Amino acid sequence: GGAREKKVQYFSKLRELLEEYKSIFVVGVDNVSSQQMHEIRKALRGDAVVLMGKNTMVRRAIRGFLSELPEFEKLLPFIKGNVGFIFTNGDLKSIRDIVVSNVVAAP
Amino acid sequence: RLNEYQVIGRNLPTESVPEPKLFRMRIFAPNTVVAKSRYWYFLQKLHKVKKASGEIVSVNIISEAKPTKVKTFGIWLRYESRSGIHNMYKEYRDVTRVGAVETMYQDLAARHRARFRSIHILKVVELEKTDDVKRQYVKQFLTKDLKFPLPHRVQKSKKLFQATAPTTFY
Amino acid sequence: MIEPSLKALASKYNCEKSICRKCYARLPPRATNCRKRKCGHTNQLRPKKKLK
Amino acid sequence: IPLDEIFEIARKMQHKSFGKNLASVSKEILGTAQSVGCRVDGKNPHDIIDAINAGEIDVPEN
Amino acid sequence: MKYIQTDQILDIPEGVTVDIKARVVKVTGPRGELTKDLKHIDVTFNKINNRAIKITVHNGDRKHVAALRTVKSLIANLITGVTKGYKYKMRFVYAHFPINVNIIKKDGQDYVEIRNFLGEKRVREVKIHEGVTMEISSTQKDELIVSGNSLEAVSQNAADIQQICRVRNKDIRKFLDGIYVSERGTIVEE
RNA sequence: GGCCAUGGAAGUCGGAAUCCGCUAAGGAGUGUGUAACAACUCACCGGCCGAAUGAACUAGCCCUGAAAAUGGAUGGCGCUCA
Ligand SMILES: [Mg+2]
Ligand SMILES: [Mg+2]
Ligand SMILES: [Mg+2]
Ligand SMILES: [Mg+2]
Ligand SMILES: [Mg+2]
Ligand SMILES: [Mg+2]
Ligand SMILES: [Mg+2]
Ligand SMILES: [Mg+2]
Ligand SMILES: [Mg+2]
Ligand SMILES: [Mg+2]
Ligand SMILES: [Mg+2]
Ligand SMILES: [Mg+2]
Ligand SMILES: [Mg+2]
Ligand SMILES: [Zn+2]
């Protein structure tokens, strides 16, 4: 029974943050460590919320609920691959300063 | 070689009870002597009645409704093994309800060594919907545009010797 | 002395095995049954013991 | 024994648990110090911890 | 259960021409031709197009169905053998005694001659199968390259070399000496 | 590098513990590797494909269990959709 309840909490906190802020853009990563992700949210205390999860659940759990919050619809074809979310609202420059900040590279 | 019979019987009327309830069973038996025998066998498994205290009221053959319509049957079974008593459900393809039961008796003899005496037929149902078919060994014949060859045909010869090389095309 | 890269390559063939508990057979580590008919394809297996 | 300083240990080790809002750092010490086992308000932690974890008395310190 | 029909689809790349007649598969590619007889199996073949072939088993039981994807895989290995080749790399593993490996030719036959294996005075000779090429790697110390179109012959010659170097009467967990297959790939890297 | 044991043990010698915090994800750790770390691997969560999958049990035939002495007996030959 637990997974469906945890699924219920996921779609719950998904729509909770959706209305409370607004507007988000492309947010995909790869080869990103767990400590890597802890760094961004360490300085992004309240200004942004690192909404995280997966793909298939996020698509349909929002796609079916395109009634109380329609608008998106054709927005779903954007979500491909390893993509997270940084729930916030500031400006195109103001988020990339705080978000793009840490980079870990390799040959 | 079996037939399906409708057998109806009742307790012998008494001055206390002059019209006892009539009970019917559908019996798959080779003849009417075994049909009335199987009837009393199952009534004494369910009701306080005996052949000495009862009466057979009617025995009638139940013919197939559409004997040239291909159907899929589900048969619910209760059989005895060497160790215990088991419930089972199996499916058969045939055009008559009787011919599916005949296949069932051959089938439990071959895979479970269950003799005629060890089997109770709980229910025979014609599956109307394709979603009602649960078993794959009969579901594979309900696919669209089913074709298949019969490779390696062996022809039975009337003679002992044949003057030409054997073949198996077909 | 064998370099650690080659010692793992050699250990893949000599050490990384399971052993049948009844008839002593060298089986793949992931095997669930023994391949030999003499023991009845038993599931009673145990890893090949290592030097220590 | 907090002695009005268990937040100090959290705010002295202020660079640790990258949690939610400061009090999450306190829980890191709460969880890790339970592996010792002392006079933690009379018993072991993972209990008095788990009180305010759900919400016992009051530490929403700013 | 006697599955009524089971199918597998071969995929034929652009430059390859499979050719089947009476369960005798002849695969032709840029690298050459390979042939295989499958008369020990009851399978039928249908050419879907020049790039795909259907392989069918009709009314087959569990084991006879199991024998279908193996036919697919064998023909696919033939196809990739005549379009990419096969290459097995072997590393010489020894703790004390260096293994002296030479490619000799005696009686008109190619042989792999292993000397000094675990200090033995015995000279080991392994016949090189036809269609199999041996080479002593220059880029790697103690490396032998076994290459060829047929995967079966290449892997079996490699196995011959590995098997002739088994250790007896010792703790093989401790005495790890031998010649082992280190890389199984293709002539054309992908 | 949790505590204590330990020459040293940091998850991977051994004992109380088995928690917390971020997490969608992660055990005071499933292994290989180090004197010890490191290292990689796994536990679980991701991306990808996309329609099935896992577990326990029941009983039919077959197999293991199943070792004796002159050479030899489903009566013999032989029989494998028998
Ligand atoms: Mg997250
Ligand atoms: Mg009763
Ligand atoms: Mg009968
Ligand atoms: Mg049958
Ligand atoms: Mg059947
Ligand atoms: Mg009975
Ligand atoms: Mg004739
Ligand atoms: Mg010895
Ligand atoms: Mg069985
Ligand atoms: Mg067996
Ligand atoms: Mg036996
Ligand atoms: Mg005999
Ligand atoms: Mg016959
Ligand atoms: Zn065994």
# chains A, B, ... in the order shown; residues from 1 in each chain; ligands from 1
call {"tool": "residues_near_ligand", "arguments": {"ligand": "ligand 1", "cutoff": "9 Å", "atoms": "only C-alpha atoms (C1' of nucleotides) and all ligand atoms", "output": "number ranges by chain"}}
result
A: 37-38, 49-53, 84-85; F: 22-25
call {"tool": "residues_near_ligand", "arguments": {"ligand": "ligand 2", "cutoff": "10 Å", "atoms": "only C-alpha atoms (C1' of nucleotides) and all ligand atoms", "output": "PyMOL selection string"}}
result
chain B and resi 43-48
call {"tool": "atom_distance", "arguments": {"atom1": "CA of residue 9 in chain C", "atom2": "CA of residue 162 in chain E"}}
result
12.7 Å
call {"tool": "residues_around", "arguments": {"residues": "range 13-22 of chain C", "least_positions_apart": "2", "cutoff": "7 Å", "atoms": "only C-alpha atoms (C1' of nucleotides)", "output": "number ranges by chain"}}
result
C: 10-11, 24-29, 34, 39, 44-48; E: 172-173
call {"tool": "write_last_selection", "arguments": {"atoms": "C-alpha atoms", "output": "short mmCIF file (atom, residue, chain, number, x, y, z; two decimals), in the first residue's frame"}}
result
data_model
loop_
_atom_site.label_atom_id
_atom_site.label_comp_id
_atom_site.auth_asym_id
_atom_site.auth_seq_id
_atom_site.Cartn_x
_atom_site.Cartn_y
_atom_site.Cartn_z
CA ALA C 10 42.65 -14.99 -13.24
CA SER C 11 40.25 -15.15 -10.27
CA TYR C 24 31.45 -31.27 -5.57
CA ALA C 25 30.87 -29.46 -8.86
CA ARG C 26 32.33 -26.14 -10.01
CA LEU C 27 29.26 -24.07 -10.88
CA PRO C 28 28.68 -20.47 -11.98
CA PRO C 29 28.27 -18.15 -8.98
CA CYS C 34 23.78 -28.02 -10.22
CA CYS C 39 23.05 -35.31 -7.67
CA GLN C 44 21.97 -27.05 -2.05
CA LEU C 45 24.89 -24.88 -3.13
CA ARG C 46 27.55 -22.84 -1.36
CA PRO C 47 30.28 -20.47 -2.57
CA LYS C 48 33.74 -21.82 -3.28
CA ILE E 172 44.60 -22.96 -8.04
CA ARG E 173 43.31 -20.15 -5.85
#
call {"tool": "interface_residues", "arguments": {"of": "chain D", "to": "chain F", "cutoff": "12 Å", "atoms": "only C-alpha atoms (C1' of nucleotides)", "output": "PyMOL selection string"}}
result
chain D and resi 16-38+44-47+49-50+53
call {"tool": "write_last_selection", "arguments": {"atoms": "N, CA and C atoms", "output": "mmCIF file, in the first residue's frame"}}
result
data_model
loop_
_atom_site.group_PDB
_atom_site.id
_atom_site.type_symbol
_atom_site.label_atom_id
_atom_site.label_comp_id
_atom_site.auth_asym_id
_atom_site.auth_seq_id
_atom_site.Cartn_x
_atom_site.Cartn_y
_atom_site.Cartn_z
ATOM 1 N N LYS D 16 27.205 21.764 9.218
ATOM 2 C CA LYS D 16 26.917 20.352 8.986
ATOM 3 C C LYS D 16 25.583 20.212 8.266
ATOM 4 N N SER D 17 24.700 19.361 8.791
ATOM 5 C CA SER D 17 23.521 18.872 8.080
ATOM 6 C C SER D 17 22.865 19.895 7.170
ATOM 7 N N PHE D 18 22.995 19.705 5.858
ATOM 8 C CA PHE D 18 22.439 20.647 4.897
ATOM 9 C C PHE D 18 20.938 20.416 4.781
ATOM 10 N N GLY D 19 20.225 20.623 5.886
ATOM 11 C CA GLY D 19 18.828 20.257 5.985
ATOM 12 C C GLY D 19 17.860 21.302 5.474
ATOM 13 N N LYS D 20 16.778 21.531 6.222
ATOM 14 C CA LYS D 20 15.704 22.424 5.796
ATOM 15 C C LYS D 20 15.804 23.808 6.435
ATOM 16 N N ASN D 21 15.807 23.889 7.778
ATOM 17 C CA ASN D 21 15.855 25.208 8.431
ATOM 18 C C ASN D 21 16.489 25.071 9.825
ATOM 19 N N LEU D 22 17.823 24.996 9.846
ATOM 20 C CA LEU D 22 18.610 25.049 11.078
ATOM 21 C C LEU D 22 18.277 23.929 12.060
ATOM 22 N N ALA D 23 16.998 23.789 12.427
ATOM 23 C CA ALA D 23 16.591 22.726 13.340
ATOM 24 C C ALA D 23 16.874 21.342 12.774
ATOM 25 N N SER D 24 16.945 21.214 11.446
ATOM 26 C CA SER D 24 17.345 19.948 10.842
ATOM 27 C C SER D 24 18.788 19.594 11.187
ATOM 28 N N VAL D 25 19.647 20.602 11.378
ATOM 29 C CA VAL D 25 21.009 20.346 11.843
ATOM 30 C C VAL D 25 20.981 19.739 13.238
ATOM 31 N N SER D 26 20.119 20.272 14.111
ATOM 32 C CA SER D 26 19.988 19.731 15.459
ATOM 33 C C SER D 26 19.654 18.246 15.422
ATOM 34 N N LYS D 27 18.768 17.842 14.508
ATOM 35 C CA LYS D 27 18.401 16.435 14.404
ATOM 36 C C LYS D 27 19.570 15.566 13.953
ATOM 37 N N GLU D 28 20.474 16.096 13.123
ATOM 38 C CA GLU D 28 21.659 15.322 12.754
ATOM 39 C C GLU D 28 22.467 14.955 13.988
ATOM 40 N N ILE D 29 22.729 15.939 14.853
ATOM 41 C CA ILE D 29 23.364 15.659 16.137
ATOM 42 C C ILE D 29 22.481 14.743 16.965
ATOM 43 N N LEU D 30 21.171 14.990 16.942
ATOM 44 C CA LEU D 30 20.230 14.128 17.642
ATOM 45 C C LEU D 30 20.395 12.676 17.209
ATOM 46 N N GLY D 31 20.365 12.429 15.898
ATOM 47 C CA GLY D 31 20.501 11.068 15.406
ATOM 48 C C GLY D 31 21.869 10.465 15.672
ATOM 49 N N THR D 32 22.938 11.245 15.470
ATOM 50 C CA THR D 32 24.283 10.683 15.585
ATOM 51 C C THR D 32 24.669 10.445 17.042
ATOM 52 N N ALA D 33 24.259 11.338 17.950
ATOM 53 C CA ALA D 33 24.605 11.178 19.356
ATOM 54 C C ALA D 33 23.846 10.034 20.011
ATOM 55 N N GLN D 34 22.758 9.565 19.386
ATOM 56 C CA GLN D 34 22.032 8.413 19.913
ATOM 57 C C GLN D 34 22.890 7.156 19.893
ATOM 58 N N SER D 35 23.807 7.048 18.927
ATOM 59 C CA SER D 35 24.757 5.947 18.870
ATOM 60 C C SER D 35 25.718 5.898 20.072
ATOM 61 N N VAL D 36 25.697 6.874 20.981
ATOM 62 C CA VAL D 36 26.479 6.835 22.218
ATOM 63 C C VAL D 36 25.616 6.232 23.322
ATOM 64 N N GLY D 37 24.552 6.943 23.689
ATOM 65 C CA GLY D 37 23.632 6.481 24.710
ATOM 66 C C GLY D 37 23.992 6.973 26.096
ATOM 67 N N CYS D 38 23.355 8.060 26.534
ATOM 68 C CA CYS D 38 23.665 8.656 27.830
ATOM 69 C C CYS D 38 22.400 9.037 28.588
ATOM 70 N N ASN D 44 17.519 7.012 26.021
ATOM 71 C CA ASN D 44 18.253 7.107 24.769
ATOM 72 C C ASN D 44 17.529 8.044 23.812
ATOM 73 N N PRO D 45 18.241 8.612 22.837
ATOM 74 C CA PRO D 45 17.560 9.419 21.817
ATOM 75 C C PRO D 45 16.771 8.546 20.848
ATOM 76 N N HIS D 46 16.421 9.085 19.677
ATOM 77 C CA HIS D 46 15.458 8.453 18.770
ATOM 78 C C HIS D 46 14.124 8.268 19.497
ATOM 79 N N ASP D 47 13.803 9.237 20.356
ATOM 80 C CA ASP D 47 12.635 9.193 21.225
ATOM 81 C C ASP D 47 12.266 10.613 21.639
ATOM 82 N N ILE D 49 14.172 12.975 20.669
ATOM 83 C CA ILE D 49 14.268 13.423 19.281
ATOM 84 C C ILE D 49 12.897 13.365 18.630
ATOM 85 N N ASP D 50 12.340 12.152 18.573
ATOM 86 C CA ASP D 50 11.127 11.847 17.836
ATOM 87 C C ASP D 50 9.894 12.503 18.440
ATOM 88 N N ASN D 53 10.325 15.793 16.761
ATOM 89 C CA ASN D 53 10.255 15.367 15.364
ATOM 90 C C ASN D 53 8.825 15.445 14.847
#
